[PDB]
Protein chains: 2
Amino acid sequence: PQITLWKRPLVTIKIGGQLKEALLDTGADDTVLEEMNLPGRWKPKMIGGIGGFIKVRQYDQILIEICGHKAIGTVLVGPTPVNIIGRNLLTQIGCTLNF
Amino acid sequence: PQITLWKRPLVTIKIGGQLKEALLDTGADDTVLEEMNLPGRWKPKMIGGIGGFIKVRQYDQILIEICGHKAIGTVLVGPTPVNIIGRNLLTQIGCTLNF
Ligand SMILES: CC(C)CN(C[C@@H](O)[C@H](Cc1ccccc1)NC(=O)O[C@H]1CO[C@H]2OCC[C@H]21)S(=O)(=O)c1ccc([C@@H](C)O)cc1
């Protein structure tokens, strides 16, 4: 679809069999989700935001559905204030900015 | 134009008479710019994201040109690692997400 930006671009995502709300975040290189339980193995990693760096759990090759569009990529899980869908997954669903 | 998301959506902007590079960020409600000594009245504010908060100065009715599209609105100035064009200005330049 075409999404205007007078409101937050929030979408329902499907991950690990559970639905969640997440923000389509073109300023995020990576996808970062709030604390949750995901199956499979993970490795500790660091990510930086506007306020500094946080420790996260990196799950690779995770199946995630975004507005019915399927993606398989890295998902970082940690103390983010907001579930954000970053460019690593926005590219998989064919997302672009237009003006 | 159409901006794909393989790389960071960086564009050239003009603010306070200076050219800068900034991120077109659908994940940001408002616009945050690197420290700069803008004239006029401002008020202090704290803004938060991954890693915590930073202190910024809020200027209102600031003119920014974004790839030739003029816009005027609120701008936060402080020690952000990158210039961030948020939805408050993205709407004004007719920017949409499309997939
Ligand atoms: C909800 C999101 C978290 C909000 N944020 C915008 C995101 O798009 C940030 C933008 C950004 C890009 C690069 C360095 C630091 C911050 N991206 C980001 O955290 O992504 C991380 C994951 O992927 C990696 O790549 C990038 C950095 C890593 S915010 O910046 O915290 C922000 C907070 C308050 C306001 C008020 C004024 O409205 C405006 C903006």
Side-chain angles (χ1 to χ4, degrees), chain A residues 1-11 21-35 46-54 56 66-69 71 73 76-99, chain B residues 1-11 13 22-34 45-54 56 65-71 73 76-99:
Chain A
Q2 174 157 266
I3 297 177
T4 59
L5 297 169
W6 280 281
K7 290 183 282 200
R8 290 178 182 166
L10 294 170
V11 300
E21 194 170 12
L23 183 66
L24 301 182
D25 188 351
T26 60
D29 299 349
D30 306 298
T31 298
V32 192
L33 304 178
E34 297 183 283
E35 176 62 22
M46 300 290 294
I47 65 169
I50 193 173
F53 291 72
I54 63 169
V56 300
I66 303 169
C67 284
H69 295 253
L76 311 182
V77 177
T80 176
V82 181
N83 293 330
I84 57 177
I85 306 301
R87 288 186 301 101
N88 73 308
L89 300 185
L90 298 171
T91 56
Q92 294 204 15
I93 65 173
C95 201
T96 65
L97 291 165
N98 298 268
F99 67 97
Chain B
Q2 171 163 111
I3 300 175
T4 63
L5 300 173
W6 293 119
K7 66 196 188 175
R8 292 189 170 188
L10 291 175
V11 296
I13 66 176
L23 206 59
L24 300 185
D25 192 353
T26 61
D29 292 347
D30 288 290
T31 292
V32 193
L33 298 183
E34 73 186 58
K45 197 174 167 77
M46 292 272 277
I47 57 169
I50 289 166
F53 288 74
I54 58 169
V56 297
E65 191 172 305
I66 306 168
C67 278
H69 293 65
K70 305 188 176 26
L76 295 320
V77 176
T80 173
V82 56
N83 295 316
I84 298 170
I85 309 299
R87 293 187 297 100
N88 71 311
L89 301 181
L90 298 175
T91 57
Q92 300 191 17
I93 68 172
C95 184
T96 60
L97 279 176
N98 301 86
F99 67 88

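Residue numbers start from 1 in every chain, and the chains themselves are labelled A, B, ... in the order their sequence lines are given, proteins ahead of strands. Only heavy atoms go into these numbers, but all of them, side chains included; no hydrogens, no water, no symmetry mates.
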task = Flag the pair A:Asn98 / B:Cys95 as yes when at least one side-chain heavy-atom distance between them is below 4.5 Å, and no otherwise.
result =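 Side chain of A:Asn98 against side chain of B:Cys95, heavy atoms only: no contact under 4.5 Å found.
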
ask   = Looking at side-chain heavy atoms only, is the closest gap between A:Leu97 and B:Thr96 below 4.5 Å?
value =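 Counting from C-beta outward, A:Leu97 and B:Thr96 never come under 4.5 Å.
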
Drop me the distance from [X]'s [atom1] to [Y]'s [atom2], to the nearest 0.5 angstrom.
| X | Y | atom1 | atom2 | value |
| --- | --- | --- | --- | --- |
| A:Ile50 | B:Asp25 | CD1 | CG | 9.5 Å |
| B:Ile85 | A:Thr26 | CD1 | OG1 | 11.0 Å |
| A:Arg87 | B:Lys7 | CZ | NZ | 10.5 Å |

query = Who pairs with B:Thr91 by side-chain contact (heavy atoms from CB on, under 4.5 Å), at least two apart in sequence or on another chain?
reply =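 Checked B:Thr91 against side-chain contact (heavy atoms from CB on, under 4.5 Å); matches are A:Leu5, A:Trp6.
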
query = How close do A:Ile3 and B:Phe99 get, heavy atom to heavy atom, and via which atoms?
reply =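 It is CD1-CE2, 3.8 Å.
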
query = With a 4.5 angstrom heavy-atom cut-off, which part of B:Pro81 approaches chain A: side chain, backbone, both or neither?
reply =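 It is the side chain, since no backbone atom gets that close.
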
inquiry  = Can you tell me which of A:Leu24, A:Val82, A:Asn88, A:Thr4 forms the most heavy-atom pairs within a distance under 4.5 Å of chain B?
reply    =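 Top count of heavy-atom pairs under 4.5 Å with chain B: A:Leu24.
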
